[PDB]
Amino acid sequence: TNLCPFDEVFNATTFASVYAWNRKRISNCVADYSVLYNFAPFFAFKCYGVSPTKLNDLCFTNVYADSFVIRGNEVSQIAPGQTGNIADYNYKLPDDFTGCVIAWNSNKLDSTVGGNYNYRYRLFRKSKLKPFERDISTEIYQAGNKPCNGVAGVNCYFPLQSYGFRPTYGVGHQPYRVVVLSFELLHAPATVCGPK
């Protein structure tokens, strides 16, 4: 059984920051999507252009699994047709997205008493991200005459901020692990099918 490696995406010890989101290419394997219930506990699940109950009947050219952490009240921006600070500057689904967005609360893994400042997000950007564009620049934006020289300050804007997840937060501000499963259908031989 040449099963797709969903485990290393969904069961990864640490997830990426949303601005530096991870992408796993999934090709030439059997995708048993029923195993996702064991890798992620009690997860939210929205599909677009596919029905969630027929995933094991479908064949795709490739699958992509993008993963990152955002706070709970941002999960709604990981959807086609959405705008917001995450959709605009961090991770952008296209309006014609075909795939599923899976999110689950990761407070137990990703919050810390003092705050998890390792998860970060981008604050502003020269333009909105295009679909599946990734911007990991940390360069300080120089607005004034004086060069910044890697020192944020007056007229010198560091473009990221940390979430600082703490377990005292309400769920809307708790960390959620997100996996975006993209289902790519080209006019080409399929390489990812359900068990059937």
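When you see a residue number, it is the position in the sequence shown, counting from 1.
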Check the entry's C-alpha temperature factors for 6 to 14 and 180 to 188, then say which stretch has the higher mean. 6 to 14
With reference to the PDB entry, specify whether the mean Cα temperature factor is higher for 48 to 56 or for 131 to 139. 48 to 56
Candidate set 163, 33, 158, 68 [ranked by C-alpha B-factor, highest]: 33
For residue 78, the third of its chain into which the C-alpha B factor falls: lowest
Just say lowest, middle or highest third for the CA B-factor of residue 102 relative to the other modelled residues in its chain. middle
Comparing residue 113 with the other modelled residues of its chain, is its CA B-factor in the lowest, middle or highest third? highest
